[PDB]
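In the form deposited in one PDB entry, a lone chain appears below as structure tokens.
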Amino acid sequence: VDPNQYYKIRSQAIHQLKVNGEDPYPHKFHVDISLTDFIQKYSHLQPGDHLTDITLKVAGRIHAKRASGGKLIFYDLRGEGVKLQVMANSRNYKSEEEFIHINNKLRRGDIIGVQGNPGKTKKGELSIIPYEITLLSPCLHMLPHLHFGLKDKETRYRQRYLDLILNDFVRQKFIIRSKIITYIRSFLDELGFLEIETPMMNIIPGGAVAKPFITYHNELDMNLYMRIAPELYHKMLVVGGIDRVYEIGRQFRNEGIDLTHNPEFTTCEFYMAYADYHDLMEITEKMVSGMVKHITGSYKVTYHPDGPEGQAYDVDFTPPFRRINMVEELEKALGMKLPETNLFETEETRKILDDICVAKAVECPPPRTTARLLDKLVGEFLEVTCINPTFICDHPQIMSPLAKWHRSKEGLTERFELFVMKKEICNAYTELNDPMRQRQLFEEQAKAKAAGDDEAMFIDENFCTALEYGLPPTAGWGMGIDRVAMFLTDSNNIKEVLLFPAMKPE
């Protein structure tokens, strides 16, 4: 049968139902009990059982309609990740006439309401035997018969509702995603953090390195930018005396789409007064391992980066996490000494790293800055070794415009990134609170922005002023929720953990 024909015919049929006052879209059906509770309550029933003294109203979507007579029709009711059989017998329905009528009405895909008695077939399938079946909302389209589920990603991501009907695991991915977010909130709330909201539109975007979205405000005749990170606002709040803050919210980047990249994504940021990044490493260990254990039942999870048609990695979130220092470990991987860390701002250094990238075949598209070449090298040699949760620590100041200088190692900063499965999930640092250094760094950033780099960031003077009023010694932290969602739902693709991911149109 042809799906368009099916649609035309079915639309006609429902229209007919409308003109007959047969009410194909009722207003209210009173559900007595969830399918889940119904199953949990009446599973103990024996084959052949039929409770005459219990009558219940359940609802759901028809997955299948099959006959075993002209007086016997079985419907497969689905809901809540679960199934219940509707055993519609003529003898138990209110009329023969109405039984015939309702069975002529219903097609696979319909939302129905069922009022009936709990029972179980001779085979032993728990069922509900209907006194009355009510059409709650008809499905006008033909739902696909599929052998391997809905696999076509275009269909799955554009029509998420289809994915959710036809595929059982999708639901659980988004449940897990919610569990993550809620767990984090509970963690932080219990540590005395105040959940806050900061602006998503600013006049100058800051907090990370990214190409922003630009929109126009009509009444004010100025451009606003969509935010890339709430960082600077939080630090201002800490100056104002709120010692512990967090926000779980959306961030925006005008980039492209890949497996780890959507234009809008969810992050959690928190800022904590009188903490340094060692404290943040300890809290991060507790939060991530706790999260994984609470949600999945264990510290060990399996990941298939290349899909189920590929290798499985065993990821161990058992604390403590491996720690590596970026520069030393990069040297160790390269088998060569890199220049002294106080010499990273020089051209000699840039030239050395350039040569090494060329010789090790690591691409760095222009501009081939020291910071970028470093990043590409780290990505090639260190990040790939990070299967289990690994802290990469002590980044150069040239990669970290807002991180406080390292108290031992000149040219470095008190910063870390959490890597899991070769990808970054956290970024944190002891915050820079010296207004002068912060302004200098902003100035170098603005100089790099003058040469043409659209990701390198602006000078926020309000933020520098705020620093001048006295930002306490503070440590800050950011986490990519979507990525954590990926690794905990065994998704190799960010489109899997976004309900409605961005798609280049058709």
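The term rigid core refers to the most C-alpha atoms you can superpose between the two forms while keeping them within 1.5 Å. Note that residue numbering follows the sequence shown and begins at 1.
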| query | finding |
| --- | --- |
| At least a third of the other entries leave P472 unmodelled | no |
| Missing-residue flag, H147, threshold a third of other entries | yes |
| Higher-scoring stretch by recorded Cα B factor average, 249 to 257 or 146 to 154 | 146 to 154 |
| Higher-scoring stretch by recorded Cα B factor average, 5 to 13 or 488 to 496 | 5 to 13 |
| Per the PDB entry, maximal CA B factor within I62, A456, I481, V58 | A456 |
| Options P365, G113, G335, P263 - largest CA temperature factor per the record | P365 |
| Entry-reported Cα temperature factor of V378, expressed as the chain third it lands in | lowest |
| Within-chain third of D354 by Cα B-factor, per the entry | middle |
| Third of the chain, ranked by Cα B-factor, where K83 sits | middle |
| Chain thirds of CA B-factor: placement of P473 | middle |
| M222 - Cα temperature factor, lowest/middle/highest third of chain | highest |
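What comes next is about the form deposited in another entry, which does not appear here.
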property	result
Position that moves between this form and the one not shown after core superposition, taken from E380, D168, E264, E195, with Cα shift of 2 Å or more	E380
Threshold 2 Å Cα movement between this form and the one not shown for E340, core superposed	yes
Core fit, then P366 C-alpha moves 2 Å or more between this form and the one not shown	yes
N117 C-alpha shift between this form and the one not shown of 2 Å or more, rigid core reference	no
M281 and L259, C-alpha gap in that other deposited form relative to this structure (3 Å or more)	farther
Direction of the Cα shift between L146 and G79 in that other deposited form, where the change is 3 Å or more	closer
